[PDB]
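Asks: What follows is a structure written as structure tokens; I'll ask about it next.
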Amino acid sequence: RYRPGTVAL
Amino acid sequence: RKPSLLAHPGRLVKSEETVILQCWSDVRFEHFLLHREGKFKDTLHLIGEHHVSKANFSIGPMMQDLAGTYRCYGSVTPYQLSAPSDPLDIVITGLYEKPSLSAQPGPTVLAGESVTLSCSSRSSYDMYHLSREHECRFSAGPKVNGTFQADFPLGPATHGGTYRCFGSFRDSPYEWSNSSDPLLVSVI
Amino acid sequence: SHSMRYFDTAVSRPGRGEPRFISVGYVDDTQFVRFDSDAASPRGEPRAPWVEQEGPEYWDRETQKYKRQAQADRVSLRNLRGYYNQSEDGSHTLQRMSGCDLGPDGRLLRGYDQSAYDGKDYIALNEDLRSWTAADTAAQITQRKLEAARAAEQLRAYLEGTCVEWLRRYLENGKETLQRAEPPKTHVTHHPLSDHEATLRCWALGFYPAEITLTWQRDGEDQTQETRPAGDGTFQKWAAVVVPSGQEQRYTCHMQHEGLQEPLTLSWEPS
Amino acid sequence: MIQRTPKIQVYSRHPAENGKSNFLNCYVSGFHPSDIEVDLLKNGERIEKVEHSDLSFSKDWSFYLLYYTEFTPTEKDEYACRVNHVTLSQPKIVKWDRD
């Protein structure tokens with residue numbers, strides 16, 4: 001599935 | 001007049017969590033709308049309900065693009081908007097490794113003694129913030145043993161309560177880290 | 001020869017307004033998902049009939065991930081446009097490639113999470129899935145914000161296991177579409193290049209998958225050694241060779257494909 | 001802000017013949033930024049009913065996109081694709097080779 005939700009870069 | 005904005009349950013918001021910005025006024029506005037200024041601005045239209053008049057704006061699930069400064073406005077019918085309410089700075093937390101919150105000389109102290117709270121993290125946070133006894137803002141020293149630390153000497157303002165503190169970077173003063181392990185200070 | 005590749009792009013418009021986000025997913029050679037922030041109501045769309053059989057909570061969870069990453073990328077555009085002091089003049093691009101390549105066994109071989117800003121590489125996850133590489137100091141600020149979030153730990157857990165497990169699950173579910181082959185329909189063209197020169201092209205059209213070996217042979221040995229989407233899920237690859245005009249009877253195009261039991265010999269028959 | 005010149009390919013699904021409904025594919029690749037104005041045209045003027053693929057990129061971060069439409073290939077009708085990009089000082093129109 002899709003990558004986990006991560007913080008803003 | 002101005003409307004009256006407040007937060008439920010609070011002005012700080014964890015990620016994946018919804019808050020209720022309640023905007024109430026005695027003018028009996030039939031329309032309300034809520035504007036966010038920040039990285040990405042927005043407006044929300046809603047209907048006023050006469051309990052006093054009020055609207056309950058449901059924000060969430062909170063994410064980095066929803067934090068910022070909020071101001072609500074009242075209107076009748078078309079629009080005839082009011083003067084802005086007092087701003088309210090909704091903050092997003094729960095995004096980074098939580099700092100540590102130590103106490104000096106200890107959490108509980110004798111009556112007549114001061115306490116200093118220290119927030120330390122291996123993560124390179126610029127600022128640290130302290131609640132609640134949600135106001136204290138200090139900056140962080142660069143390195144000791146690879147850790148970044150901020151010291152809040154509470155001095156004359158030590159009365160006890162549960163204390164949490166967060167790490168933040170300077171480019172994003174609204175994006176905060178996880179809450180530290182909440183430390184209860186008692187004035188034994 | 002098995003991979004799950006996700007490609008993400010967010011374009012910031014000049015001034016105010018949500019930067020448009022878009023993300024596509026490929027299993028091997030087939031696109032199977034897509035998301036677009038600028039729909040009338042944005043959600044995660046399938047792109048193949050073998051993921052439609054996935055449950056409601058699957059598409060729900062997927063869509064939620066896509067939304068959170070959308071807002072994260074828009075904020076990223078804001079911060080990045082703040083990291084180099086670039087005013088409202090200028091529309092920007094942000095791209096991220098996140099995928100996994102499976103090994104000869106049922107376990108991970110390679111993990112990718114690359115991020116580029118306006119065309120050039122910006123920050124990348126190191127091959128150990130624990131370190132990072134930054135292109136400049138701004139990407140070092142990003143590196144600090146990312147290490148503070150421990151996204152390398154989350155991601156290492158994603159690539160190691162979740163990407164591999166769901167790769168195996170997509171292969172199994174869609175072995176009637178992915179693990180089947182399509183033989184190529186062939187044709188050979190000839191163009192005059194000069195007085196004594198002529199170019200031959202070995203066109204293989206409408207085939208699946210992409211892995212195909214096209215070799216020109218003069219009498220005997222190799223001579224030589226791209227693809228494009230046919231539009232229905234297949235591809236087209238041509239093999240060029242430059243030969244002396246009036247000598248094209250000798251050169252023959254040999255072709256090996258998965259859907260072909262024996263290789264095909266193909267000479268230029270202008271009929 | 002590094003600009004990349006797009007490469008255009010005007011082909012079809014199957015080598016054409018008349019009596020065979022075919023798909024005209026205008027495939028652009030290897031460009032940057034992603035903002036590109038592509039529209040196919042038959043016998044001079046634009047086709048207003050066309051759909052395309054979803055945008056992605058390659059391992060050099062260069063984008064690629066594919067437009068396509070239904071048609072029948074005739075000896076009396078020409079086909080071409082019109083592409084405008086920031087790297088182009090002019091909208092380039094590329095004809096459909098029957099090859």
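Every chain in the structure tokens has a letter given in the order shown (A, B, ...), and although residue numbers restart at 1 in each chain, ligands are simply numbered from 1 in the order shown.
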So that I can check the surroundings of residue 12 of chain B, please list as JSON, numbers by chain every protein, DNA and RNA residue that reaches within 12 Å of it, counting only C-alpha atoms and ignoring chain neighbours fewer than 6 positions away.

Replies: {"B": [6, 18, 19, 20, 21, 62, 63, 66, 67, 68, 88, 89, 90, 91, 92, 93, 94, 129, 130, 131, 132, 134, 135, 164, 165, 166, 174, 175, 176, 177, 178, 179]}

Asks: If we count only C-alpha atoms, which residues of chain C reach to within 9 Å of chain D? Please list them as a compact mmCIF listing (two decimals) with N, CA, C and O atoms, in the first residue's frame.

Replies:
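Output contents, as saved in iface-v5.txt:
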# COMPACT_ATOMS: atom_id res chain seq x y z
N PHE C 7 4.84 7.41 -7.28
CA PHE C 7 5.37 8.66 -7.81
C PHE C 7 4.44 9.79 -7.41
O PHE C 7 3.24 9.74 -7.70
N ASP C 8 4.99 10.81 -6.75
CA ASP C 8 4.21 11.91 -6.21
C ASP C 8 4.75 13.24 -6.74
O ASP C 8 5.97 13.44 -6.81
N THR C 9 3.83 14.14 -7.08
CA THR C 9 4.17 15.45 -7.61
C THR C 9 3.21 16.49 -7.04
O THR C 9 1.99 16.28 -7.07
N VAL C 11 2.67 20.73 -7.32
CA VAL C 11 3.06 21.94 -8.04
C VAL C 11 2.42 23.14 -7.35
O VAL C 11 1.18 23.22 -7.26
N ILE C 22 -0.67 15.17 -6.79
CA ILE C 22 -1.04 14.01 -7.60
C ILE C 22 -0.07 12.89 -7.28
O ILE C 22 1.12 13.13 -7.04
N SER C 23 -0.58 11.66 -7.25
CA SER C 23 0.24 10.51 -6.89
C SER C 23 -0.28 9.28 -7.62
O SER C 23 -1.48 9.00 -7.60
N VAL C 24 0.63 8.55 -8.26
CA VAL C 24 0.28 7.34 -9.00
C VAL C 24 1.10 6.18 -8.46
O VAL C 24 2.20 6.36 -7.92
N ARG C 34 -4.46 5.90 -8.36
CA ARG C 34 -4.16 7.30 -8.63
C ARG C 34 -4.97 8.17 -7.67
O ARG C 34 -6.08 7.82 -7.27
N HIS C 92 6.39 26.39 -8.48
CA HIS C 92 7.41 25.43 -8.10
C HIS C 92 6.90 24.00 -8.19
O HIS C 92 5.70 23.75 -8.32
N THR C 93 7.84 23.06 -8.16
CA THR C 93 7.55 21.64 -8.28
C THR C 93 8.25 20.88 -7.16
O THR C 93 9.36 21.23 -6.75
N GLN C 95 8.76 16.64 -6.05
CA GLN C 95 8.53 15.27 -6.48
C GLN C 95 9.13 14.30 -5.47
O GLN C 95 10.15 14.58 -4.84
N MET C 97 9.68 9.88 -4.96
CA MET C 97 9.57 8.51 -5.43
C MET C 97 9.75 7.57 -4.24
O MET C 97 10.81 7.59 -3.60
N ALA C 116 12.92 15.43 -4.74
CA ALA C 116 13.55 16.43 -5.58
C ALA C 116 12.70 17.70 -5.60
O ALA C 116 11.47 17.63 -5.61
N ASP C 118 12.04 21.15 -7.71
CA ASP C 118 12.18 21.91 -8.96
C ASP C 118 13.19 21.28 -9.91
O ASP C 118 13.90 21.99 -10.64
N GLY C 119 13.28 19.95 -9.93
CA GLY C 119 14.03 19.22 -10.93
C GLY C 119 15.30 18.56 -10.41
O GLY C 119 15.68 17.49 -10.91
N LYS C 120 15.96 19.16 -9.43
CA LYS C 120 17.20 18.62 -8.91
C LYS C 120 16.96 17.90 -7.59
O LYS C 120 16.06 18.26 -6.83
N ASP C 121 17.76 16.87 -7.34
CA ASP C 121 17.61 16.07 -6.14
C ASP C 121 17.76 16.94 -4.90
O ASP C 121 18.65 17.79 -4.81
N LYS C 185 3.25 -7.86 -31.59
CA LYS C 185 2.95 -7.81 -33.01
C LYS C 185 4.04 -6.99 -33.69
O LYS C 185 4.28 -5.84 -33.32
N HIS C 187 6.74 -5.56 -36.93
CA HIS C 187 6.87 -4.96 -38.25
C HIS C 187 8.27 -4.37 -38.34
O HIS C 187 8.86 -4.02 -37.33
N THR C 189 10.68 -1.52 -40.46
CA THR C 189 10.71 -0.37 -41.34
C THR C 189 12.13 -0.10 -41.83
O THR C 189 13.11 -0.53 -41.23
N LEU C 205 5.27 -4.12 -31.22
CA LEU C 205 4.15 -3.31 -30.76
C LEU C 205 3.18 -4.15 -29.93
O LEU C 205 3.07 -5.37 -30.13
N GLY C 206 2.49 -3.49 -29.01
CA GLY C 206 1.45 -4.11 -28.21
C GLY C 206 1.87 -5.37 -27.49
O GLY C 206 1.36 -6.46 -27.78
N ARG C 228 7.63 2.87 -25.43
CA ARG C 228 6.62 3.90 -25.26
C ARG C 228 5.28 3.23 -25.03
O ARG C 228 5.05 2.11 -25.50
N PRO C 229 4.37 3.88 -24.30
CA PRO C 229 3.09 3.23 -23.97
C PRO C 229 2.16 3.17 -25.17
O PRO C 229 1.91 4.19 -25.83
N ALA C 230 1.66 1.97 -25.46
CA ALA C 230 0.69 1.81 -26.54
C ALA C 230 -0.66 2.44 -26.20
O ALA C 230 -1.41 2.80 -27.11
N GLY C 231 -0.97 2.57 -24.91
CA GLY C 231 -2.18 3.23 -24.45
C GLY C 231 -3.20 2.30 -23.82
O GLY C 231 -4.11 2.78 -23.13
N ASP C 232 -3.07 0.99 -24.02
CA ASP C 232 -3.99 0.02 -23.45
C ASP C 232 -3.34 -0.85 -22.38
O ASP C 232 -3.91 -1.88 -22.00
N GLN C 236 5.58 -0.38 -26.85
CA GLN C 236 6.16 -0.44 -28.19
C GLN C 236 7.64 -0.13 -28.10
O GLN C 236 8.03 0.90 -27.55

Asks: Based on only C-alpha atoms, which of the residues in chain C come within 12 Å of chain B? I want them as a ChimeraX atom specification.

Replies: /C:12,15-19,64-65,67-83,138,140-151,153

Asks: With the cut-off set at 6 Å and counting only C-alpha atoms, tabulate each residue of chain A with an atom at most that distance from an atom of chain C, showing the nearest atom pair and its distance in Å to one decimal, ordered by chain and increasing number, as a tab-separated table.

Replies:
residue	atom	partner	partner_atom	distance
A:5	CA	C:69	CA	5.5
A:8	CA	C:72	CA	4.8
A:9	CA	C:76	CA	5.1

Asks: Mind dumping the selected residues with N, CA, C and O atoms as a PDB file, in the first residue's frame?

Replies:
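Below is the file out.pdb, written as the result:
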ATOM      1  N   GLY A   5       1.747   8.436   6.255  1.00  0.00           N
ATOM      2  CA  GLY A   5       1.758   9.883   6.319  1.00  0.00           C
ATOM      3  C   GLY A   5       2.894  10.414   7.168  1.00  0.00           C
ATOM      4  O   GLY A   5       2.995  10.089   8.354  1.00  0.00           O
ATOM      5  N   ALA A   8       5.937  17.413   7.313  1.00  0.00           N
ATOM      6  CA  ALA A   8       6.310  18.276   6.206  1.00  0.00           C
ATOM      7  C   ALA A   8       7.821  18.469   6.180  1.00  0.00           C
ATOM      8  O   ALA A   8       8.482  18.525   7.221  1.00  0.00           O
ATOM      9  N   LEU A   9       8.364  18.576   4.973  1.00  0.00           N
ATOM     10  CA  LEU A   9       9.808  18.656   4.788  1.00  0.00           C
ATOM     11  C   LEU A   9      10.307  20.094   4.902  1.00  0.00           C
ATOM     12  O   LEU A   9      11.364  20.352   5.480  1.00  0.00           O
TER      13      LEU A   9
END

Asks: Can you pull out the residues contacting segment 78-86 of chain D? Cut-off 9 Å, using only C-alpha atoms, and skip same-chain residues under 6 positions away; I want them as a ChimeraX atom specification.

Replies: /D:3-6,8-10,24,26,28,31-33,35-44,46,92-97

Asks: Write a file of the selected residues as a compact mmCIF listing (two decimals), in the first residue's frame, keeping N, CA, C and O atoms.

Replies:
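File produced: part.txt:
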# COMPACT_ATOMS: atom_id res chain seq x y z
N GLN D 3 15.00 24.12 -16.72
CA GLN D 3 14.04 23.76 -17.76
C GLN D 3 14.56 22.60 -18.60
O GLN D 3 15.77 22.46 -18.82
N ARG D 4 13.64 21.76 -19.06
CA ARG D 4 13.98 20.57 -19.82
C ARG D 4 13.10 20.51 -21.06
O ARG D 4 11.87 20.59 -20.97
N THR D 5 13.73 20.35 -22.22
CA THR D 5 13.00 20.35 -23.48
C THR D 5 12.21 19.06 -23.63
O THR D 5 12.78 17.97 -23.52
N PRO D 6 10.90 19.12 -23.89
CA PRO D 6 10.13 17.90 -24.08
C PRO D 6 10.44 17.23 -25.41
O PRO D 6 10.76 17.89 -26.40
N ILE D 8 8.69 14.74 -28.23
CA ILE D 8 7.34 14.45 -28.68
C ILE D 8 7.38 13.22 -29.58
O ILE D 8 8.30 13.06 -30.39
N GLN D 9 6.38 12.35 -29.44
CA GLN D 9 6.22 11.18 -30.28
C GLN D 9 4.75 11.10 -30.69
O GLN D 9 3.88 10.95 -29.83
N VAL D 10 4.49 11.18 -31.99
CA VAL D 10 3.13 11.11 -32.52
C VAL D 10 3.00 9.77 -33.23
O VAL D 10 3.39 9.63 -34.40
N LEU D 24 -4.87 7.62 -31.88
CA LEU D 24 -3.73 8.50 -32.08
C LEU D 24 -3.16 8.84 -30.71
O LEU D 24 -3.87 9.36 -29.84
N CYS D 26 -0.24 10.92 -28.71
CA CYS D 26 0.77 11.97 -28.62
C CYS D 26 1.44 11.83 -27.26
O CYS D 26 0.85 12.19 -26.23
N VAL D 28 4.51 12.77 -24.82
CA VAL D 28 5.59 13.70 -24.49
C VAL D 28 6.38 13.12 -23.33
O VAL D 28 5.81 12.48 -22.43
N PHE D 31 10.67 16.18 -19.82
CA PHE D 31 10.52 17.62 -19.76
C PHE D 31 10.36 18.08 -18.31
O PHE D 31 10.18 17.27 -17.39
N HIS D 32 10.41 19.39 -18.13
CA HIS D 32 10.37 20.04 -16.83
C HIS D 32 10.31 21.55 -17.04
O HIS D 32 11.11 22.09 -17.80
N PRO D 33 9.37 22.24 -16.38
CA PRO D 33 8.37 21.77 -15.41
C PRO D 33 7.22 20.97 -16.02
O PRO D 33 7.17 20.78 -17.24
N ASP D 35 4.17 21.77 -16.37
CA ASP D 35 3.16 22.57 -17.06
C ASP D 35 3.44 22.52 -18.56
O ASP D 35 4.40 23.11 -19.05
N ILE D 36 2.58 21.81 -19.29
CA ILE D 36 2.72 21.65 -20.74
C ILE D 36 1.34 21.69 -21.36
O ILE D 36 0.38 21.12 -20.83
N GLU D 37 1.22 22.40 -22.48
CA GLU D 37 -0.06 22.56 -23.17
C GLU D 37 -0.01 21.71 -24.44
O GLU D 37 0.59 22.10 -25.44
N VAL D 38 -0.67 20.55 -24.39
CA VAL D 38 -0.65 19.59 -25.49
C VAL D 38 -2.07 19.42 -26.00
O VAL D 38 -3.01 19.26 -25.21
N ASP D 39 -2.22 19.46 -27.32
CA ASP D 39 -3.52 19.21 -27.94
C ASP D 39 -3.31 18.66 -29.34
O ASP D 39 -2.54 19.22 -30.13
N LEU D 40 -3.99 17.56 -29.64
CA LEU D 40 -3.90 16.95 -30.96
C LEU D 40 -4.80 17.70 -31.94
O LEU D 40 -5.67 18.49 -31.55
N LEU D 41 -4.58 17.45 -33.23
CA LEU D 41 -5.35 18.12 -34.27
C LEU D 41 -5.36 17.26 -35.53
O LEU D 41 -4.35 16.63 -35.88
N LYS D 42 -6.51 17.26 -36.20
CA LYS D 42 -6.72 16.56 -37.46
C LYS D 42 -7.04 17.58 -38.53
O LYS D 42 -8.01 18.33 -38.40
N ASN D 43 -6.22 17.61 -39.58
CA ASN D 43 -6.45 18.46 -40.75
C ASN D 43 -6.49 19.94 -40.38
O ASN D 43 -7.28 20.71 -40.92
N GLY D 44 -5.61 20.34 -39.46
CA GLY D 44 -5.41 21.76 -39.19
C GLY D 44 -5.87 22.28 -37.84
O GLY D 44 -5.12 23.00 -37.18
N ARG D 46 -7.89 22.03 -33.88
CA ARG D 46 -7.74 21.24 -32.66
C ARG D 46 -8.92 20.28 -32.46
O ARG D 46 -10.05 20.55 -32.89
N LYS D 92 5.30 23.98 -30.97
CA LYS D 92 5.75 23.10 -32.04
C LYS D 92 4.66 22.11 -32.41
O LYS D 92 4.06 21.48 -31.54
N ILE D 93 4.41 21.97 -33.71
CA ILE D 93 3.43 21.04 -34.25
C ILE D 93 4.19 19.95 -34.99
O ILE D 93 4.96 20.23 -35.91
N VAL D 94 3.97 18.70 -34.59
CA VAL D 94 4.68 17.55 -35.15
C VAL D 94 3.67 16.66 -35.84
O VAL D 94 2.65 16.27 -35.25
N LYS D 95 3.94 16.33 -37.10
CA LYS D 95 3.03 15.55 -37.92
C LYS D 95 3.10 14.07 -37.55
O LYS D 95 4.09 13.58 -36.99
N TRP D 96 2.02 13.35 -37.88
CA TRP D 96 1.94 11.92 -37.62
C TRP D 96 2.48 11.16 -38.83
O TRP D 96 1.85 11.11 -39.88
N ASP D 97 3.66 10.57 -38.66
CA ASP D 97 4.21 9.67 -39.67
C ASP D 97 3.40 8.38 -39.72
O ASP D 97 3.02 7.83 -38.68

Asks: Could you go through segment 106-247 of chain C and tell me which residues DSSP, when run on the backbone, assigns to strand (DSSP E or B), listing them as number ranges by chain?

Replies: C: 108-117, 120-125, 132-134, 182, 185-192, 197-208, 212-217, 222, 228-229, 235-244

Asks: Using DSSP on the backbone coordinates, identify all residues within segment 73-263 of chain C classified as helix (DSSP H, G or I); present the result as JSON, numbers by chain.

Replies: {"C": [73, 74, 75, 76, 77, 78, 79, 80, 81, 82, 83, 138, 139, 140, 141, 142, 143, 144, 145, 146, 147, 148, 149, 151, 152, 153, 154, 155, 156, 157, 158, 159, 160, 161, 162, 163, 164, 165, 166, 167, 168, 169, 170, 171, 172, 173]}

Asks: As an exercise, work out the distance from atom CA of residue 201 of chain C to atom CA of residue 241 of chain C in Å and give it to one decimal place.

Replies: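 Interatomic distance, atom CA of residue 201 of chain C to atom CA of residue 241 of chain C: 6.6 Å.
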
Asks: I'd like the interatomic distance between atom CA of residue 134 of chain C and atom CA of residue 85 of chain C, to a tenth of an Å.

Replies: 18.6 Å

Asks: Of the candidates B:115, B:13, B:150, B:81, which shows the shortest atom-to-atom distance to residue 60 of chain B, using only C-alpha atoms?

Replies: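 Checking each candidate against residue 60 of chain B, we get B:13 as the closest.
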
Asks: Which distance in Å separates atom CA of residue 266 of chain C and atom CA of residue 213 of chain C, to one decimal?

Replies: 13.3 Å

Asks: Calculated over only C-alpha atoms, which of the candidates B:45, B:28, B:159, B:11 has the smallest distance to residue 113 of chain B?

Replies: B:159
